[PDB]
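Okay, here we've got a single chain as structure tokens, the form deposited in one PDB entry, with questions on binding and movement later.
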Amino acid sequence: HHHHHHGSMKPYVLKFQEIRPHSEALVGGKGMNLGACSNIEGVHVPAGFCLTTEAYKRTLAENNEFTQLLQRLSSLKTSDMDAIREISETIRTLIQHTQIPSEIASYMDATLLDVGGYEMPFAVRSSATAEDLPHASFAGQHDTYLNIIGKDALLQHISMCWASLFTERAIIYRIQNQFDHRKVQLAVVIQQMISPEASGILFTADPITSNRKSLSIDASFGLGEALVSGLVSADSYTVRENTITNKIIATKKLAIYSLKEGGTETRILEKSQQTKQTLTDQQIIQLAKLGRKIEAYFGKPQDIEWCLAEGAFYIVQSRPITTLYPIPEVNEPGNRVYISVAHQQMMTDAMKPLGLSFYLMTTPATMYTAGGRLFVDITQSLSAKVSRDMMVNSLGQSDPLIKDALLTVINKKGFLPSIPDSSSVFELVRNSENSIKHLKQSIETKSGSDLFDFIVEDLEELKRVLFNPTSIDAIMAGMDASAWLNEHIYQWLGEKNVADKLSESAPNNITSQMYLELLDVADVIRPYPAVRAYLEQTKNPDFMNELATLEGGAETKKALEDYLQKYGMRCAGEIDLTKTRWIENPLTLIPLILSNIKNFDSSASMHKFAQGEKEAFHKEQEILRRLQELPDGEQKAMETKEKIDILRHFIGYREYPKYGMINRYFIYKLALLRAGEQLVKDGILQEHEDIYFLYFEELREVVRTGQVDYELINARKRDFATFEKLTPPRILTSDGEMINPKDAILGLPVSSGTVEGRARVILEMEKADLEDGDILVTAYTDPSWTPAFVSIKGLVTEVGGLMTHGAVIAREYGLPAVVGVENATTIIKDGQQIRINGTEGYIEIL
């Protein structure tokens, strides 16, 4: 060219106004956001630029002594603490003694005089990146410096940032997340200092409850680094719509202010000062409005660092929130309530797409996907009361826990507004059996696009042989018999849930049959301490063909085979066709077999059954005998006995169709895996199990026309990954909402629950001794301990703010935790014990 070939080159420095798109690979997370954050309208971002990773690659990843070391480090694992300490020290000093090329240090001078210049104070903040992984975060992993003035001192701190990438805490963090050193770079953000009166964090969701329609703020006096620092406390405001709706005022006894000549000092605050409302209600709203605008520009809930300097609000960071369980896209207006069928089905593992397709294509009810799990919209049932109660009463009986969640929805106020005959069961089960035998024979000849065209046929046959109106009547005949028997025997004899005792050892229960038989398997293994020792050890998926080697077992094998012919097609999570079955990987069955042996006596199929009967039959006559001791006596007892006979006749079939169903699933799954196997051979698919991420139709027209789209597939995996980390509610809300005095020390709730245990740790975290089954109490908490505390059941800290470290991490690990307590380190003497709860903010003595 005509640009002097000047011209296909990576730059060294980029202004927030220059930063291009998806150059995250140049300026990293914090930077790419700062950039985009500038280009917003009505938002004041300070100015600055980024030291591009080129500067890091050229200065430090192109040093032989450097690379030699990083190689020496790629050797270690977390178990090796000292080597890490040492190598870290060494690597770290090499960086603070590796000067920056005069070339680069001159670009900086050039830009930095535009922002400008070397007499003004700057912020040196480190934004990092992981190659070919733009959705990785280093939140709170590296250093940052406030108020750096001067060239000599700017270069000193750019180097201390790069160094902050090699701290044990940072290193160890990459080991655990398997990010690779040498694959992580650092951009450095050089930004104008703001001397603010007040600074803090803001979330455009609620941290607890993911409301999405309520914004929460954390504010304090002074510079922000203090709040993120761990001590001082903060002020917490919550804003819904344009109304302030909570104000927790804290005791901010510290603040951090700039020095005229660089650096930062910490001031105690005059007592009158420490209880002041650090924003004024006009500013709280004026601020919330901002957070809302930003969120609108990005299209997702954001995490924001802000500054208050002479009225004015400056945005100095933005981020997305990563911890939100998503919301189904239901195109139906108003406030809606979704109920998790995950929790009903007792699964609440994420489900891959192929599996989700199948659950969907067999029910005719209308369900939604969110977060990789399934939900049912139940909003209309809740309108008409004749049906509301008609609902909550049904759940109230099964899924009782689901109901409680439901009821809290019911009064948020602001939110809303015959019996087939005895030949039946038999016939029903037979034809399911026979249907499954044709299906078996029929699919092994099918292939290609036929095979798909095939199982579309069968999904109707399935619905037809498994969900007749005879079958359903049969299912309901048993269940309705329980309802009747439970309340009517409440109202006459005053004994609840009698239907459970009357149901015991009832015939034809397909699942209950299964568990008995796996008791016998266990029973075969007890005579032979050889086997049980083996099974206990083996992590071999074919441990099975290594069974006849030892005769101590080896009968063990003919046992397992018989059991795996009648049940190998089930697994915890059967409803996802994609999940691995028992007959597929027999190792997944071992632990039960083992746990039966530990916890049951031999021959317990024999006894537990019998004592099931005898007790359901002596509870049958205890009822009836007691009934005819009252008015209309003979007619009530007469009345119930038909009901019991209905109960035991149908109750076991309740369980059959799901078995009939996943039985066909498994047959599909296998023919569906031949197709995949074939596709790989043909060259279209990398792995044969790379179909679990296509829905049925998506898949079906890949075997018709052999074309696939792999960053569909890869986003699918990337996302299935993101949702496994997530734990579905019993009730999800159109607004993202997640549903389900005693000499007391008040605090900030922060994180929901209740636990009990141990004492305070001062704590020399550096030389810290912890212990299982215990609550924690320091006063300062910061990321330094993030990678240290799994063992905890609950947290309590002096410092406050619900978006402190204590909060956000206790909220992910699922611990209940209260912060902001007055003098917890003191006032909870001698590391003793305690009971805390976090749905409200209190703490007490046991």
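Just so we're on the same page, rigid core means the largest C-alpha set that superposes within 1.5 Å between forms. Quick note: we count residues from 1 along the sequence shown, nothing fancier.
The same protein has a further form, the form deposited in another entry, not shown here; the description that follows concerns it.
Candidate set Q707, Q441, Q491, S79; criterion, C-alpha shift of 2 Å or more between this form and the one not shown after rigid-core fit; matching residue, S79.
The rigid-core alignment places the CA of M765 2 Å or more apart between this form and the one not shown. In this overlay on the rigid core, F720 has a C-alpha that sits less than 2 Å away from its partner position between this form and the one not shown. With a cut-off of 2 Å and the rigid core superposed, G224 has a Cα displacement that reaches or exceeds the cut-off between this form and the one not shown. Between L227 and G48, the Cα distance is smaller in that other deposited form than in this structure, by no less than 3 angstroms. The Cα-Cα distance between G224 and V819 is shortened by 3 Å or more in that other deposited form relative to the form shown here.
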